[PDB]
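Below you will find one chain, with nothing else, as structure tokens; this is the form deposited in one PDB entry, and questions on how it binds or moves follow later.
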């Protein structure tokens, strides 16, 4: 059956809020035939990850999804069969009243943040008893059971395997970005926040024996790269050579093209939550710049994923991995750690493929949301 879904996305900062909700909204419409209304309060952020989007239009239809600007003040409208407040955001008060004035009150879901900590398993799918009687539940994405799983499009890993096994397909996509890899060059993508450990790592890539091509999408990290390159401005299309290191600035591309970029590289430096998972589907080594929180709360979340991700790794590779990520998220000091990871990149790559394929056997989050709604009726 075709049910309507309201997805409220509050862009607090960066792009992961709209990245996850847009990926979810697109998937419910495409491979589940659902009607979706994506409410986003910062349309400029949506236009960054979707170049076809009009950042000034109040409403537009993209890939079967109805994208609406979350205006202030809020205009009352009828509520959908399912209402999702993503990342624990606050719904409009008038929309909660529209959720009750229905023959079947709207299913109310809070799509929580992604974490590998064990506590989210005991909280997933639990009810949130409301004083008004609205049926509310929390939905936790997760890397282990029990949880809501992870967002994964139908046939994603099959398309990633065909792409990585085709040299021509990889060269054609990189050519669309104005990128040509030199023979023997190692491809590394860089998506992060302001990272003080970045110049120390770039020095190691510059002085290394194997050449590296560092592809940097336009973003917050560019100021750190420019200071290390000792140039005033870095524009899309610029290419700088520093001994064995080549740095090329890429444009902020569509979400699906960011996938193909991650699939081309031997090491993906990612951040946040969505690109963190996207790098895992790529089946390639990963560098995670976790969103910094107060009182070092993010360190427990970083260690929780590491303990789960390093289960199948050998001890020395797991140690170099924990040391590098910790230095990547808490000041420089990853010299010996990077040397150790660089020596075991093939083995790391094989374990990254196994981790993606094992995760790829779990039902995806969008399918669990539909099954949750069906079993809730």
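Each form is matched to the other, and the largest set of C-alpha atoms that superpose within 1.5 Å is called the rigid core. Residues that one form lacks are left out of the comparison. Positions refer to the first chain, counted from 1.
Absent from the display: the form deposited in another entry. The rest refers to it.
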{"property": "Listed options 69, 310, 345, 334; Cα moving by 2 angstroms or more between the shown form and the other one (core superposition)", "result": "334"}
{"property": "Large Cα move at residue 167 between the shown form and the other one, threshold 2 Å, rigid core", "result": "no"}
{"property": "Flag for residue 133, CA shift 2 Å or larger between the shown form and the other one after aligning core", "result": "yes"}
{"property": "Shifted regions of at least three residues between the shown form and the other one, judged by C-alpha displacement of 2 Å or more after core alignment", "result": "131-133, 331-336"}
